[PDB]
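So the structure is just underneath, and the comments pick up after that.
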Amino acid sequence: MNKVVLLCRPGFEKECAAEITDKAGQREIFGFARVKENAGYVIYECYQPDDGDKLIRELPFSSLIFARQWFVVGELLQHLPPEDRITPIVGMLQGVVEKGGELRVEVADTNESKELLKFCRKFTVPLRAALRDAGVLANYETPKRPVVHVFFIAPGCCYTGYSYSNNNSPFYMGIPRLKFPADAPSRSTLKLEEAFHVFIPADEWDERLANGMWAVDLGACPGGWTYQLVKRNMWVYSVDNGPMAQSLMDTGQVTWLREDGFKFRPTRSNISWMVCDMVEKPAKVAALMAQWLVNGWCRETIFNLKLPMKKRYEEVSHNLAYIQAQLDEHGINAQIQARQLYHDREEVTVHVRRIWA
């Protein structure tokens, strides 16, 4: 199979297409990605017949910024007989994957597909039963086996395929479903919560987002991101000339430092986490993040970079390369990952973890 579908934010198809072409090419997995503006997905079509499976095995999904999710697919099923949409799907998947561990019947995240999304929910159980009967799905679900995807691009038109659960998004449509807590002081809180879900494996939260850790939130006012750190029972320095929500102060976990986030330097505590969601130019933010890493002021950081109006994949790649150049110059080893989260708009969220053994 030679096609790989990538789900993206509608309007970001050129970024997602350039990026997958670039990073697959770098691994000598050559192909082309046509763009349908505002479709909310891109198809990367490999020149070689079975390179689609190779690509979703060998390229780490975590290294893709503009893809919410991906999966390899066969040919487009275009005329699904309304009297039996199931048989052709089963037919297309039979002999392609067996004993899959989970089924996800998905759509692109656009306005036009909302009715189609409800169809997919209705279709899921009947399709699951048929795929289990055919041996395409295992009789018992399991996270270790491949995830089977059936992707409807319009009524009666879908692709079918799979992704590997150790190299994909674990979320339906690549969208973690979060509820805004009425007591948080800003909806920006959902970005950082989504970041924790997307970047830190759930079974590592208690160790890496740990009770008792010290964290610094730069440009914190009024406290959306601080709220998430407090929820993890961290002790937090919220740094801003603006005041923090009284509800956060009342927790007894937060010290408000009335300073500029760019000027603040930590002295005193062992800071594990720093986070930064600021309305500033991304080269400027990236420079401050690199300084925090190379000065050893944090072990991990999550921060947002604003995208410019044009050359958005390039700009954000250059910001990341700057941070990597700083790391390399100082001999610091770290893992960097970045993603246009669901709750991001014209920005990307980045996670950097120093490797200290």
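Scheme for the structure tokens: letters A, B, ... for chains in order shown; per-chain residue numbers from 1; ligand numbers from 1 in order shown.
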Step one, run DSSP on the backbone; step two, keep only residues of range 46-169 of chain A assigned to helix (DSSP H, G or I); then write them as number ranges by chain. A: 51-58, 61-63, 86-93, 114-134
Could those residues be written to a file, using N, CA, C and O atoms, as a compact mmCIF listing (two decimals), in the first residue's frame?
```
# COMPACT_ATOMS: atom_id res chain seq x y z
N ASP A 51 5.89 1.26 0.12
CA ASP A 51 6.61 2.19 0.96
C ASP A 51 5.69 2.84 2.01
O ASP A 51 6.18 3.49 2.95
N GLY A 52 4.38 2.70 1.86
CA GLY A 52 3.46 3.32 2.81
C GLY A 52 3.60 2.67 4.17
O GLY A 52 3.57 3.33 5.21
N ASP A 53 3.74 1.34 4.18
CA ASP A 53 3.91 0.67 5.45
C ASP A 53 5.27 1.00 6.03
O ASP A 53 5.43 1.25 7.24
N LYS A 54 6.29 1.01 5.17
CA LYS A 54 7.61 1.37 5.61
C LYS A 54 7.65 2.75 6.31
O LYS A 54 8.25 2.94 7.39
N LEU A 55 6.97 3.71 5.70
CA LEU A 55 7.00 5.09 6.17
C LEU A 55 6.39 5.14 7.60
O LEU A 55 6.99 5.72 8.50
N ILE A 56 5.24 4.49 7.80
CA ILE A 56 4.58 4.62 9.14
C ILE A 56 5.21 3.72 10.22
O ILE A 56 4.83 3.77 11.40
N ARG A 57 6.15 2.88 9.79
CA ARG A 57 7.05 2.17 10.69
C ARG A 57 8.29 2.93 11.00
O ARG A 57 8.72 2.98 12.15
N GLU A 58 8.94 3.51 9.98
CA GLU A 58 10.31 3.98 10.20
C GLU A 58 10.44 5.44 10.60
O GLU A 58 11.36 5.82 11.30
N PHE A 61 6.43 9.08 14.35
CA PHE A 61 5.27 9.95 14.36
C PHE A 61 5.48 11.19 15.25
O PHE A 61 5.06 12.29 14.90
N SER A 62 6.19 11.02 16.37
CA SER A 62 6.46 12.14 17.27
C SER A 62 7.24 13.28 16.60
O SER A 62 7.24 14.40 17.10
N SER A 63 7.90 13.00 15.48
CA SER A 63 8.69 14.06 14.82
C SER A 63 7.88 14.92 13.83
O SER A 63 8.44 15.79 13.18
N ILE A 86 -20.69 -2.27 4.17
CA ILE A 86 -19.74 -3.06 4.91
C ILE A 86 -18.90 -4.03 4.06
O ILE A 86 -17.67 -4.05 4.19
N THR A 87 -19.55 -4.81 3.19
CA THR A 87 -18.80 -5.82 2.43
C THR A 87 -17.56 -5.28 1.69
O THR A 87 -16.48 -5.88 1.77
N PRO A 88 -17.69 -4.13 1.00
CA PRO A 88 -16.48 -3.63 0.30
C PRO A 88 -15.36 -3.24 1.23
O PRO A 88 -14.20 -3.32 0.82
N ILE A 89 -15.70 -2.77 2.44
CA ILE A 89 -14.68 -2.39 3.40
C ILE A 89 -13.97 -3.61 3.92
O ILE A 89 -12.74 -3.68 4.02
N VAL A 90 -14.76 -4.60 4.30
CA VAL A 90 -14.21 -5.84 4.73
C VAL A 90 -13.32 -6.39 3.62
O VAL A 90 -12.18 -6.82 3.87
N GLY A 91 -13.82 -6.35 2.38
CA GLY A 91 -13.07 -6.88 1.25
C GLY A 91 -11.73 -6.20 1.05
O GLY A 91 -10.74 -6.83 0.68
N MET A 92 -11.68 -4.90 1.35
CA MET A 92 -10.46 -4.14 1.09
C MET A 92 -9.39 -4.42 2.17
O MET A 92 -8.20 -4.44 1.88
N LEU A 93 -9.84 -4.66 3.40
CA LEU A 93 -8.97 -4.90 4.56
C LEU A 93 -8.53 -6.38 4.68
O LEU A 93 -7.47 -6.70 5.24
N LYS A 114 -19.33 17.26 9.93
CA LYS A 114 -19.97 17.02 11.23
C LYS A 114 -21.14 15.98 11.23
O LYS A 114 -21.31 15.18 12.17
N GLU A 115 -21.94 16.00 10.17
CA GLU A 115 -23.00 15.04 9.97
C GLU A 115 -22.37 13.71 9.64
O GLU A 115 -22.86 12.64 10.03
N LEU A 116 -21.26 13.76 8.92
CA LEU A 116 -20.59 12.53 8.57
C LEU A 116 -19.98 11.89 9.83
O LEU A 116 -19.92 10.65 9.95
N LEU A 117 -19.57 12.73 10.77
CA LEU A 117 -18.99 12.25 12.01
C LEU A 117 -20.03 11.44 12.78
O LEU A 117 -19.69 10.41 13.41
N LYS A 118 -21.29 11.88 12.74
CA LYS A 118 -22.34 11.16 13.46
C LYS A 118 -22.64 9.80 12.79
O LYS A 118 -22.86 8.79 13.46
N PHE A 119 -22.65 9.78 11.46
CA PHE A 119 -22.71 8.54 10.71
C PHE A 119 -21.63 7.56 11.17
O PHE A 119 -21.90 6.37 11.44
N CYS A 120 -20.38 8.04 11.24
CA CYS A 120 -19.28 7.17 11.65
C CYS A 120 -19.50 6.53 13.01
O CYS A 120 -19.12 5.36 13.25
N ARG A 121 -20.04 7.30 13.94
CA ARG A 121 -20.33 6.75 15.26
C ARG A 121 -21.39 5.63 15.20
O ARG A 121 -21.26 4.55 15.84
N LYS A 122 -22.45 5.86 14.43
CA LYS A 122 -23.47 4.84 14.20
C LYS A 122 -22.93 3.57 13.53
O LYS A 122 -23.42 2.49 13.79
N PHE A 123 -21.94 3.72 12.65
CA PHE A 123 -21.48 2.64 11.79
C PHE A 123 -20.47 1.76 12.51
O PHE A 123 -20.17 0.64 12.07
N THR A 124 -19.93 2.27 13.62
CA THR A 124 -18.78 1.64 14.25
C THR A 124 -19.07 0.21 14.74
O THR A 124 -18.29 -0.74 14.46
N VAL A 125 -20.18 0.03 15.46
CA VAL A 125 -20.45 -1.32 16.00
C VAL A 125 -20.74 -2.36 14.90
O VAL A 125 -20.11 -3.42 14.88
N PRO A 126 -21.66 -2.05 13.97
CA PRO A 126 -21.86 -3.00 12.85
C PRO A 126 -20.56 -3.35 12.09
O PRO A 126 -20.32 -4.52 11.72
N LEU A 127 -19.71 -2.34 11.88
CA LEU A 127 -18.47 -2.60 11.17
C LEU A 127 -17.52 -3.44 12.02
O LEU A 127 -16.89 -4.36 11.50
N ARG A 128 -17.42 -3.12 13.31
CA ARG A 128 -16.60 -3.92 14.21
C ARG A 128 -17.03 -5.41 14.20
O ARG A 128 -16.20 -6.36 14.11
N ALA A 129 -18.33 -5.64 14.27
CA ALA A 129 -18.77 -7.06 14.28
C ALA A 129 -18.36 -7.80 13.00
O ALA A 129 -17.94 -8.98 13.02
N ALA A 130 -18.51 -7.11 11.87
CA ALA A 130 -18.17 -7.69 10.57
C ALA A 130 -16.67 -7.89 10.43
O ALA A 130 -16.21 -8.88 9.86
N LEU A 131 -15.90 -6.92 10.92
CA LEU A 131 -14.44 -7.08 10.81
C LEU A 131 -13.92 -8.19 11.74
O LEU A 131 -12.99 -8.92 11.38
N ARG A 132 -14.51 -8.34 12.93
CA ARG A 132 -14.15 -9.46 13.79
C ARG A 132 -14.51 -10.80 13.14
O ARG A 132 -13.70 -11.75 13.18
N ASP A 133 -15.71 -10.87 12.54
CA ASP A 133 -16.11 -12.10 11.85
C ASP A 133 -15.10 -12.46 10.77
O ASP A 133 -14.81 -13.64 10.57
N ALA A 134 -14.58 -11.44 10.07
CA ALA A 134 -13.64 -11.66 8.98
C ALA A 134 -12.22 -11.90 9.47
O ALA A 134 -11.35 -12.23 8.66
```
Report as a Markdown table the residues of range 211-260 of chain A within 10 Å of range 298-319 of chain A, each with its shortest atom pair and distance in Å (one decimal), using only C-alpha atoms, ordered by chain and increasing residue number.
```
| residue | atom | partner | partner_atom | distance |
| --- | --- | --- | --- | --- |
| A:214 | CA | A:298 | CA | 9.3 |
| A:215 | CA | A:298 | CA | 8.2 |
| A:216 | CA | A:298 | CA | 8.7 |
| A:217 | CA | A:303 | CA | 9.7 |
| A:218 | CA | A:303 | CA | 9.5 |
```
Identify, on the basis of only C-alpha atoms, every residue whose closest approach to range 29-35 of chain A does not exceed 10 Å; exclude the query and any residue fewer than 3 positions from it along the same chain; express the result as a ChimeraX atom specification. /A:2-5,12-26,38-48,51-52,54-55,58-59
Mind writing the picked residues with N, CA, C and O atoms as a compact mmCIF listing (two decimals), in the first residue's frame?
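So selection.txt came out as:
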```txt
# COMPACT_ATOMS: atom_id res chain seq x y z
N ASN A 2 0.52 2.24 -0.73
CA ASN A 2 1.47 3.30 -0.96
C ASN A 2 0.96 4.64 -0.53
O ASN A 2 1.66 5.61 -0.71
N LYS A 3 -0.22 4.70 0.10
CA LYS A 3 -0.75 6.02 0.51
C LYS A 3 -0.81 6.12 2.01
O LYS A 3 -1.18 5.17 2.69
N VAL A 4 -0.42 7.27 2.52
CA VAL A 4 -0.52 7.51 3.95
C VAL A 4 -1.36 8.78 4.14
O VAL A 4 -1.06 9.83 3.53
N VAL A 5 -2.41 8.67 4.93
CA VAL A 5 -3.27 9.79 5.26
C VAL A 5 -2.72 10.46 6.50
O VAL A 5 -2.37 9.78 7.47
N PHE A 12 -4.13 23.98 7.17
CA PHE A 12 -2.70 23.74 7.35
C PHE A 12 -2.19 22.59 6.48
O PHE A 12 -1.20 21.92 6.78
N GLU A 13 -2.91 22.33 5.39
CA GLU A 13 -2.54 21.22 4.54
C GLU A 13 -1.19 21.41 3.87
O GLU A 13 -0.43 20.45 3.70
N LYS A 14 -0.88 22.64 3.45
CA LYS A 14 0.44 22.87 2.82
C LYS A 14 1.60 22.64 3.77
O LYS A 14 2.66 22.19 3.37
N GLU A 15 1.41 22.98 5.04
CA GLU A 15 2.45 22.79 6.02
C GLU A 15 2.63 21.28 6.24
O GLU A 15 3.75 20.79 6.27
N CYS A 16 1.51 20.58 6.43
CA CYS A 16 1.53 19.13 6.67
C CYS A 16 2.14 18.40 5.45
O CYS A 16 3.00 17.54 5.60
N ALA A 17 1.75 18.80 4.24
CA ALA A 17 2.27 18.20 2.99
C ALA A 17 3.76 18.44 2.79
O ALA A 17 4.48 17.52 2.46
N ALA A 18 4.21 19.67 2.96
CA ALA A 18 5.64 19.98 2.85
C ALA A 18 6.41 19.21 3.89
O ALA A 18 7.49 18.66 3.63
N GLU A 19 5.85 19.16 5.09
CA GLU A 19 6.60 18.51 6.17
C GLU A 19 6.75 17.00 5.94
O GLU A 19 7.84 16.48 6.10
N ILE A 20 5.67 16.30 5.60
CA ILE A 20 5.80 14.84 5.40
C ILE A 20 6.70 14.54 4.16
O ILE A 20 7.49 13.60 4.15
N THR A 21 6.56 15.34 3.12
CA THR A 21 7.42 15.16 1.92
C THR A 21 8.90 15.31 2.32
O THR A 21 9.76 14.49 1.99
N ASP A 22 9.17 16.36 3.08
CA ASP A 22 10.53 16.67 3.57
C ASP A 22 11.11 15.53 4.42
O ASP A 22 12.20 15.00 4.15
N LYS A 23 10.36 15.11 5.44
CA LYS A 23 10.88 14.14 6.41
C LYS A 23 10.86 12.69 5.87
O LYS A 23 11.69 11.87 6.22
N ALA A 24 9.94 12.38 5.00
CA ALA A 24 9.98 11.05 4.36
C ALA A 24 11.14 11.01 3.37
O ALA A 24 11.86 10.02 3.31
N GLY A 25 11.30 12.08 2.59
CA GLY A 25 12.41 12.23 1.64
C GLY A 25 13.76 12.07 2.31
O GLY A 25 14.70 11.43 1.75
N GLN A 26 13.87 12.61 3.51
CA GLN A 26 15.11 12.55 4.24
C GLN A 26 15.44 11.10 4.54
O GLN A 26 16.61 10.78 4.73
N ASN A 38 -8.05 23.37 2.82
CA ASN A 38 -9.09 23.28 3.85
C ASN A 38 -9.71 21.90 4.04
O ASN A 38 -10.67 21.73 4.78
N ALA A 39 -9.15 20.89 3.41
CA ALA A 39 -9.71 19.55 3.58
C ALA A 39 -9.53 18.91 4.97
O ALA A 39 -10.24 17.96 5.30
N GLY A 40 -8.53 19.35 5.73
CA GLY A 40 -8.24 18.74 7.03
C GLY A 40 -7.50 17.39 6.97
O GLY A 40 -7.38 16.68 7.95
N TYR A 41 -6.97 17.07 5.80
CA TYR A 41 -6.10 15.91 5.65
C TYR A 41 -5.21 16.09 4.42
O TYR A 41 -5.48 16.95 3.59
N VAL A 42 -4.12 15.33 4.41
CA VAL A 42 -3.21 15.23 3.29
C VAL A 42 -2.96 13.74 3.03
O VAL A 42 -2.88 12.94 3.98
N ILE A 43 -2.84 13.38 1.75
CA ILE A 43 -2.36 12.05 1.40
C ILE A 43 -0.95 12.15 0.82
O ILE A 43 -0.73 12.89 -0.16
N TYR A 44 -0.01 11.43 1.43
CA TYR A 44 1.34 11.31 0.88
C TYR A 44 1.37 10.01 0.11
O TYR A 44 1.16 8.93 0.70
N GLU A 45 1.56 10.10 -1.19
CA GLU A 45 1.53 8.88 -2.02
C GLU A 45 2.96 8.46 -2.40
O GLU A 45 3.67 9.21 -3.07
N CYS A 46 3.40 7.30 -1.94
CA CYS A 46 4.77 6.90 -2.20
C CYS A 46 4.92 6.41 -3.63
O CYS A 46 3.96 5.87 -4.18
N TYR A 47 6.10 6.62 -4.22
CA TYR A 47 6.34 6.12 -5.60
C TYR A 47 6.44 4.59 -5.61
O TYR A 47 6.09 3.97 -6.60
N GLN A 48 6.95 4.01 -4.54
CA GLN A 48 7.10 2.53 -4.46
C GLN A 48 5.90 1.87 -3.74
O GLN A 48 5.43 2.36 -2.72
N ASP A 51 5.89 1.26 0.12
CA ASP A 51 6.61 2.19 0.96
C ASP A 51 5.69 2.84 2.01
O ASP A 51 6.18 3.49 2.95
N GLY A 52 4.38 2.70 1.86
CA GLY A 52 3.46 3.32 2.81
C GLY A 52 3.60 2.67 4.17
O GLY A 52 3.57 3.33 5.21
N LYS A 54 6.29 1.01 5.17
CA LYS A 54 7.61 1.37 5.61
C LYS A 54 7.65 2.75 6.31
O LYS A 54 8.25 2.94 7.39
N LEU A 55 6.97 3.71 5.70
CA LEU A 55 7.00 5.09 6.17
C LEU A 55 6.39 5.14 7.60
O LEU A 55 6.99 5.72 8.50
N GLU A 58 8.94 3.51 9.98
CA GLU A 58 10.31 3.98 10.20
C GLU A 58 10.44 5.44 10.60
O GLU A 58 11.36 5.82 11.30
N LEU A 59 9.53 6.28 10.13
CA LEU A 59 9.56 7.68 10.51
C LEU A 59 8.82 7.82 11.84
O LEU A 59 7.68 7.42 11.95
```
Residues within 9 Å of residue 340 in chain A, please, as a PDB file with N, CA and C atoms, in the first residue's frame. Count only C-alpha atoms; anything in the same chain fewer than 6 positions from it doesn't count.
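What follows is the written file result_27.pdb:
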```
ATOM      1  N   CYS A   8      -4.889  16.853   9.762  1.00  0.00           N
ATOM      2  CA  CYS A   8      -4.273  18.110  10.181  1.00  0.00           C
ATOM      3  C   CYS A   8      -5.348  19.130  10.480  1.00  0.00           C
ATOM      4  N   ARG A   9      -4.957  20.295  10.977  1.00  0.00           N
ATOM      5  CA  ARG A   9      -5.906  21.401  11.151  1.00  0.00           C
ATOM      6  C   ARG A   9      -6.342  21.909   9.780  1.00  0.00           C
ATOM      7  N   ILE A  65       5.148  17.699  13.173  1.00  0.00           N
ATOM      8  CA  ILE A  65       4.568  18.838  13.848  1.00  0.00           C
ATOM      9  C   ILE A  65       3.141  19.069  13.424  1.00  0.00           C
ATOM     10  N   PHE A  66       2.880  19.002  12.125  1.00  0.00           N
ATOM     11  CA  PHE A  66       1.545  19.374  11.615  1.00  0.00           C
ATOM     12  C   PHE A  66       0.560  18.232  11.392  1.00  0.00           C
ATOM     13  N   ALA A  67       0.930  17.007  11.774  1.00  0.00           N
ATOM     14  CA  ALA A  67       0.030  15.875  11.673  1.00  0.00           C
ATOM     15  C   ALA A  67      -0.547  15.551  13.054  1.00  0.00           C
ATOM     16  N   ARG A  68      -1.862  15.558  13.145  1.00  0.00           N
ATOM     17  CA  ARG A  68      -2.531  15.096  14.375  1.00  0.00           C
ATOM     18  C   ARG A  68      -2.514  13.569  14.503  1.00  0.00           C
ATOM     19  N   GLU A 346      -2.807  29.464  15.193  1.00  0.00           N
ATOM     20  CA  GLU A 346      -1.613  29.748  14.364  1.00  0.00           C
ATOM     21  C   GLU A 346      -0.430  29.701  15.325  1.00  0.00           C
ATOM     22  N   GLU A 347      -0.232  28.554  15.953  1.00  0.00           N
ATOM     23  CA  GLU A 347       0.948  28.373  16.795  1.00  0.00           C
ATOM     24  C   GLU A 347       1.230  26.886  16.907  1.00  0.00           C
ATOM     25  N   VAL A 348       2.382  26.531  17.472  1.00  0.00           N
ATOM     26  CA  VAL A 348       2.742  25.120  17.662  1.00  0.00           C
ATOM     27  C   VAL A 348       3.217  25.007  19.104  1.00  0.00           C
ATOM     28  N   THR A 349       3.002  23.859  19.725  1.00  0.00           N
ATOM     29  CA  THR A 349       3.517  23.670  21.103  1.00  0.00           C
ATOM     30  C   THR A 349       4.714  22.754  21.097  1.00  0.00           C
ATOM     31  N   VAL A 350       5.712  23.062  21.916  1.00  0.00           N
ATOM     32  CA  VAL A 350       6.991  22.357  21.821  1.00  0.00           C
ATOM     33  C   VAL A 350       7.311  21.772  23.199  1.00  0.00           C
TER      34      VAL A 350
END
```
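With only C-alpha atoms as the atoms that count, the minimum distance from residue 77 in chain A to the choices A:160, A:142, A:94, A:168 is reached by A:160.
Taking CA of residue 83 in chain A and CA of residue 156 in chain A as the two end points, the separation is 10.7 Å.
For residue 335 in chain A, the list of residues within 7 Å, based on only C-alpha atoms and with local chain neighbours fewer than 3 positions off taken out, reads residues 352, 353 and 354 of chain A.
Distances to residue 113 in chain A were evaluated for A:148, A:153, A:210, A:138 using only C-alpha atoms, and the minimum falls at A:153.
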Mind listing the strand (DSSP E or B) residues of range 87-233 of chain A, per DSSP on the backbone, as a PyMOL selection string? chain A and resi 100+102-106+137+147-154+157-163+214-218
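Excluding residue 195 in chain A itself and same-chain residues fewer than 3 positions from it, the residues having an atom within 8 Å of it are residues 191, 192, 198, 199, 200, 302, 341 and 349 of chain A, counting only C-alpha atoms.
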Give me, please, the distance in Å between CA of residue 170 in chain A and CA of residue 6 in chain A, quoted to one decimal. 14.2 Å
Given only C-alpha atoms as the counted atoms, nearest of A:336, A:356, A:203, A:196 to residue 321 in chain A: A:336
Test item: residues at most 8 Å from residue 183 in chain A, only C-alpha atoms, excluding those fewer than 2 positions along its chain, as a PyMOL selection string: chain A and resi 181+185+247
Store the residues of this selection in a file with N, CA and C atoms, as a JSON list (two decimals), in the first residue's frame.
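The file below, part-v5.json, is the result:
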```json
[["chain", "number", "residue", "atom", "x", "y", "z"],
["A", 181, "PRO", "N", -12.35, 23.25, 32.96],
["A", 181, "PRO", "CA", -12.85, 23.33, 34.34],
["A", 181, "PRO", "C", -13.29, 24.76, 34.67],
["A", 185, "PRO", "N", -8.63, 30.00, 35.46],
["A", 185, "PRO", "CA", -8.78, 31.41, 35.07],
["A", 185, "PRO", "C", -8.63, 31.71, 33.58],
["A", 247, "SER", "N", -7.79, 32.53, 43.00],
["A", 247, "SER", "CA", -8.07, 31.10, 43.26],
["A", 247, "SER", "C", -6.79, 30.27, 43.28]]
```
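Across A:162, A:262, A:227, A:342, the tightest approach to residue 175 in chain A is made by A:342 when counting only C-alpha atoms.
The smallest atom-to-atom distance between residue 328 in chain A and any of A:76, A:357, A:293, A:220, using only C-alpha atoms, is found for A:293.
For the residues A:207, A:285, A:267, A:322, ranking by smallest atom-to-atom distance to residue 297 in chain A using only C-alpha atoms places A:267 first.
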Have a look at CA of residue 238 in chain A and CA of residue 186 in chain A and let me know their distance in Å, one decimal. 14.4 Å
